[PDB]
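Chains as they are written, first to last, in PDB author numbering: chain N3, 47 to 251; chain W3, 38 to 148; chain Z3, 35 to 154.
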Amino acid sequence: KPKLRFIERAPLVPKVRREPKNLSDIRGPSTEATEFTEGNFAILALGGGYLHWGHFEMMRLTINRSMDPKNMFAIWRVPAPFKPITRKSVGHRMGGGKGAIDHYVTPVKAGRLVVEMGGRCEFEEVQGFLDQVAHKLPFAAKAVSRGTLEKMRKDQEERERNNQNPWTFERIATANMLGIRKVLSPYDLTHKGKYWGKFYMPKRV
Amino acid sequence: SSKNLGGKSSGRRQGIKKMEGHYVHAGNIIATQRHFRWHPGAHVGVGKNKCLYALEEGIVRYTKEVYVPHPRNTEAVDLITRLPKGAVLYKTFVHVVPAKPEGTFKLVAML
Amino acid sequence: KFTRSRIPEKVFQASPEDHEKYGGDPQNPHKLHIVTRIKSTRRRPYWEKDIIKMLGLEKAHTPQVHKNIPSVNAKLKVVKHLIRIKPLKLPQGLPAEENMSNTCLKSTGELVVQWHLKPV
RNA sequence: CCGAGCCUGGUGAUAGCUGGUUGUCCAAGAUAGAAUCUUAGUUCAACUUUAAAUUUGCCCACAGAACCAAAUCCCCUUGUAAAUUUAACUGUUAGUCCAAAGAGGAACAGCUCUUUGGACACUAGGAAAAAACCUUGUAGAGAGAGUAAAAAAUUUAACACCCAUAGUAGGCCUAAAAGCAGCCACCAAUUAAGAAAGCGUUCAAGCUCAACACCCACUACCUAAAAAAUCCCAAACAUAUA
RNA sequence: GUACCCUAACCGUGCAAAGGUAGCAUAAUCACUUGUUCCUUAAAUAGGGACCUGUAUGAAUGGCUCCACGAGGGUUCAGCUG
RNA sequence: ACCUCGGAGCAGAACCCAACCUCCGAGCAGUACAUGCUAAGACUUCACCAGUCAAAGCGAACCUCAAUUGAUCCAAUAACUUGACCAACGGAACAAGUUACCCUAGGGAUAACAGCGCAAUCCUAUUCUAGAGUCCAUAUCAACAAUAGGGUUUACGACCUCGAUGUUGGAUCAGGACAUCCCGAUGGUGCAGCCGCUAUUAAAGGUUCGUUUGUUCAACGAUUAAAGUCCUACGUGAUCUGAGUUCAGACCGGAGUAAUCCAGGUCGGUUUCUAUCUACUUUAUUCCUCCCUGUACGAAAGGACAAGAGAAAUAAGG
RNA sequence: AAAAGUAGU
RNA sequence: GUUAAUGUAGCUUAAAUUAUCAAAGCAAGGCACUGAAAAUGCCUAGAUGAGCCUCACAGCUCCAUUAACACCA
RNA sequence: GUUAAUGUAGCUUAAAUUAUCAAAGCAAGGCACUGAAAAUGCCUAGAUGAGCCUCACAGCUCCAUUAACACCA
RNA sequence: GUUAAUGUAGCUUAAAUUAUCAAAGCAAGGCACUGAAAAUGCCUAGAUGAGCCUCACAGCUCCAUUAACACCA
Ligand SMILES: [Mg+2]
Ligand SMILES: [Mg+2]
Ligand SMILES: [Mg+2]
Ligand SMILES: [Mg+2]
Ligand SMILES: [Mg+2]
Ligand SMILES: [Mg+2]
Ligand SMILES: [Mg+2]
Ligand SMILES: [Mg+2]
Ligand SMILES: [Mg+2]
Ligand SMILES: [Mg+2]
Ligand SMILES: [Mg+2]
Ligand SMILES: [Mg+2]
Ligand SMILES: [Mg+2]
Ligand SMILES: [Mg+2]
Ligand SMILES: [Mg+2]
Ligand SMILES: [Mg+2]
Ligand SMILES: [Mg+2]
Ligand SMILES: [Mg+2]
Ligand SMILES: [Mg+2]
Ligand SMILES: [Mg+2]
Ligand SMILES: [Mg+2]
Ligand SMILES: [Mg+2]
Ligand SMILES: [Mg+2]
Ligand SMILES: [Mg+2]
Ligand SMILES: [Mg+2]
Ligand SMILES: [Mg+2]
Ligand SMILES: [Mg+2]
Ligand SMILES: [Mg+2]
Ligand SMILES: [Mg+2]
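Spelled out as structure tokens, the structure:
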């Protein structure tokens, strides 16, 4: 069966404990699935963000409505929604605890492949509707191939060699050159100067 | 509402009271803990509440040493007989190297 | 949190291309530093406010000689952006006592030993 | 002026509450918390001041600190001059924002709450005015001098030209499905045109596209909207040398 | 819960000291609410007469009619008047 | 709802660390019976009070646990000892409602109105091509989503004001925005024509009178070219109103033993001001009728624009 | 002492 | 926190040791069936461990249940 | 939105743990037939899930149904 | 202008999935004939469509409608 499955809202063993919202699940490069597993053409996530169940339906509709199940397959790469989100009821004053578990999200970091697609097809073909779905994703995304993606990282290790701007961000943060760690995060020692909050700026080394 | 009560105990101040190389005396509490962290080694006793006191004056040293639990310590000799044969457990220990001798002999009487 | 930084010891080893940008040779390193405060100790943490009061650097743009020994360098590594370091490069000798009454610093950092203001 | 008259006395009632506190000059000086009918307050601790006695105090390097990230602790050297105890006290103990790690809330608030550090309630220059951002702090006269921080940069979407025959009303099931509702195979002529990729048809027909031929040659920059309510808001300027 | 409008004449069962009886009723009577209908109006969240879930009416905490009366509070024909 | 003690997270690696932040627990049970007596040195819940550990010695054998708790004074006891859901848990020996009849001291340290911040809810526009539209995404409508905007609502925060910033509707006078209801011009149409639907541009001009209710609203009647969306301290009370709401009186239903109370209703209920200062005080649209004519269009019912004539209405000025 | 009913010509 | 009284066939009472009866309960006993009233039979651990002898019967051990009081820090 | 109560044979009632007795419903029998009555039977996932020990059983874990409270300008 | 909640053989309820019955009305059953009662069958687009797995069975597309509301203070 070469079709994306019924990924579901609110998993079956539910989360009675209300997890604190940690925002470290969104920052920086991915540590999970950033590289392919038996596919060719995929959606890259060039920004952090959560993924609602209304976001999985837009993916499960417009891929499976416009992919031929004789010639192409598709698998998810993201997990199920597991992180619960609390919503206090409408119009309530501050304080009083934590509200009930309303819905669920899954956190996607930047540089993570979210949907994998392959088969007897080409990338100039499936750009027709992977670019359709990557604009409705709630982060900056772009459709990659196996071969188009690695073209991007060939340039990203070229921009760290080409430039004659004699200071990089890696040089100044690590050495603490202008006393700059008064204004820098510990996490921007180890990300690079590229990520900043949720957002990824690819246009800088 | 806020069904969560009782989260209002203070931190217990359990830690090392004498770091490595400190000149401890006979009876100072070297380290204080619950749920064993540093085991008592040479010339270091242990209390009821697992505090580590020194018994000999000297310098406190911290090492890594082989764990062999007491055979009537049933909670650990079961834990020993599940390892593969090449294994040992290596807890960390607190010693006191003594600094004064036990004494000298003094002439009191050309008698 | 914001806190005291260790700096890697990778950056305090000069490249072979770095010995051409400045005037030093790695064998025979210099004896004393010239340390001059060029930045304020305000809007800086309290540890940098304490280091500056030890190195004699309470006053901006007054140079100071500190030894080129690693116990001084350690204090200088944690305050190296408030200060400007040049080697004290003596052209002539160390001053003798008959000589020592008329010396000048000569920024370009050359503790010249004979300071008479007639021209060449 | 009666939810209990008025006058005098007690009475200078009491007020953790508001207001007010009068010469000149110099000096040190910013708030970890805990109890409390306590959170508009006070007592202790902390921080601060003074007078003393003594000897170390900050900064730190090897080594060292648990199993189930930034860093800190301990710490000789060294740079430095403070620290600890003793004696006497008052006051502050209703805080703001910025950076960073977090928690609550909308991954809202000039929001609330902790931590680390700043700065502010201390003067001055800058960011238009400006508490909190940046530069900078130990004081006076000067019609001297070098500097510090310090003024935003951007303007985008042309496109191939011609030509198209034919085993075919390609087999199935369909009122009918002829390349184009659906299945199956994807064979094939001339040089060259898919058992056909989009419209158009009940279906057929009609349009293109992919093809020979045609040539100079695909010519190929791969980009990214704007709305309030008294009246736009410095004036303006592309060109003489860091 | 029934004959049957899906409503109780009745059946079965519990508690009570007694289970709100007679009247009146969308009221100066929690809400729904501008209940529904006839009249009044060209038009009526007003007013008058009824129907009754008043599920929070109700009998000297007085209930309901009725003659007079009221600088009481609403509705109105007609006249009249800046 | 909580109030004291304990484990765990936030607080990742000495110690510490809030929260009406997330989760678990405790207010004891069990064995001894040396759970005897003393005594160097230390830890410490950020103070104190309390809590902790313990070498040696005298004396005899040869404690588990995480919290598992309560000061002083007084009682009872010959003495050793023993007394609190003193749980508001550092504990007042023993004391509840109510106040719109209220008073005083303060507070913008703290709420209502108004401003401001924010934009979750609201509103709008685009991106995307699902699907409606017999076919056909883009005439019109639009799913899941994305990106911007606005600052009209319900909120939320508590920053200015409690040694007073007067409060809803209405009257009067209006200023402004345009996201246009009418009038004007234009593109598309699933626009035959008439009416329309939608979009660009345009804010000079205009935008009705009544019954009911305090009503903004809304329902309705009659029209109109149309009966705009909003802001302006929910514009405007030193210009007015006082019907409601928001004091003292009073019923009614309910709550409560009562006093009293109610986003429940209903009758009634004082709206002050002589102007110092700023500011200021005389500068054209639209409808309809006739005509085109019963033409253009359509098959017909239906039916135009344009040009032209003339009538009125408002507004402004006499 | 306790007995209630029997469809329409 | 202290006294004082009391436990029974399933429920009420008592007899000075030697333990009496009405309900409940099981039967026939009788009529076309329910209830009394008679009755035989049946069920008294006389609340607890011993006894100083023979104990509802008595000096202790308590298991409890109820009276009369007195406790605040 | 918050508090407190309560989830039972098809129905309602209880029992301080073991779930009774009263309908209804099921077969019999008395009456010509049915009722009423007399002899029997059956019927509760005791609303929701693990068990520290044994739980309608007592702490919860859950969904329905009701009460009283959603105010001050 | 707002949300939540319902949409059924013809009528009603339900089954908290797998679709029950009383009727309107079909004809057997039994009586002289009919009523009543009993035996069945019928007849459920589950209000609307792509199903993601399969669907009253669940999120919606959708066409009506009951309520709560937009009041204030
Ligand atoms: Mg803790
Ligand atoms: Mg604490
Ligand atoms: Mg006084
Ligand atoms: Mg006070
Ligand atoms: Mg000073
Ligand atoms: Mg108080
Ligand atoms: Mg703040
Ligand atoms: Mg053609
Ligand atoms: Mg009423
Ligand atoms: Mg009179
Ligand atoms: Mg201490
Ligand atoms: Mg001992
Ligand atoms: Mg207290
Ligand atoms: Mg207390
Ligand atoms: Mg009154
Ligand atoms: Mg009164
Ligand atoms: Mg007052
Ligand atoms: Mg406000
Ligand atoms: Mg379509
Ligand atoms: Mg304020
Ligand atoms: Mg605040
Ligand atoms: Mg005020
Ligand atoms: Mg004033
Ligand atoms: Mg416009
Ligand atoms: Mg106003
Ligand atoms: Mg005014
Ligand atoms: Mg009057
Ligand atoms: Mg007036
Ligand atoms: Mg003035």
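For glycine and all other residues, C-beta sits at the position ideal for the given N, C-alpha and C.
Straight-line measurement puts the Cα of residue 88 (chain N3) at about 39 Å from the Cα of residue 135 (chain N3).
The C-beta separation of residue 111 (chain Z3) from residue 41 (chain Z3) comes to about 6 Å, placing the pair in contact by the 8 Å criterion. Residues of the segment 217 to 246 of chain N3 that bring their beta carbon within less than 7 Å of a beta carbon in chain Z3 comprise 220, 221, 222, 223, 224, 225, 227 and 228, in sequence order.
Residue 46 (chain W3) is outside the set of residues whose beta carbon lies under 7 Å from a beta carbon in chain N3. Contact residues of the segment 133 to 148 of chain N3 toward chain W3 are 142 and 143 (C-beta to C-beta distance below 8 Å).
Pairing residue 182 (chain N3) with residue 104 (chain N3) gives a Cβ-Cβ distance under 7 Å. Residue 97 (chain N3) is classed as buried because its beta carbon has at least 16 other beta carbons within 10 Å across all chains shown. At least one CB of chain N3 lies nearer than 7 Å to the CB of residue 45 (chain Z3). Shortest Cα-Cα distance from residue 251 (chain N3) to any of 232 (chain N3), 213 (chain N3), 234 (chain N3) and 206 (chain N3) involves 206 (chain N3). For residue 107 (chain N3), the uninterrupted alpha helix (DSSP H) segment begins and ends at 99 to 108. Between residue 147 (chain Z3) and residue 140 (chain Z3), the gap from beta carbon to beta carbon reaches 7 Å or more.
Contact annotation, residue 68 (chain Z3) with residue 99 (chain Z3): C-beta distance approximately 6 Å; criterion of less than 8 Å satisfied.
Here the C-alpha atom of residue 41 (chain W3) lies approximately 36 Å from the C-alpha atom of residue 185 (chain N3).
Shown here for residue 158 (chain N3): same chain residues with a beta carbon closer than 7 Å to its own, the five before and five after excluded, namely 76, 78, 79, 80 and 91 in chain order. Around residue 39 (chain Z3), the beta-carbon contacts reaching into chain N3 at under 7 Å are 222 and 227. At least one C-beta of chain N3 is nearer than 7 Å to the C-beta of residue 115 (chain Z3). For residue 164 (chain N3), the uninterrupted beta strand (DSSP E) segment begins and ends at 158 to 165. One finds 220 in chain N3 with Cβ atoms closer than 7 Å to the Cβ of residue 42 (chain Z3), taken in chain order. The beta carbon of residue 106 (chain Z3) sits closer than 6 Å to those of 100, all from its chain and outside the five residues before and after it, given in chain order. Between residue 152 (chain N3) and residue 127 (chain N3), the CB-CB gap stays under 7 Å.
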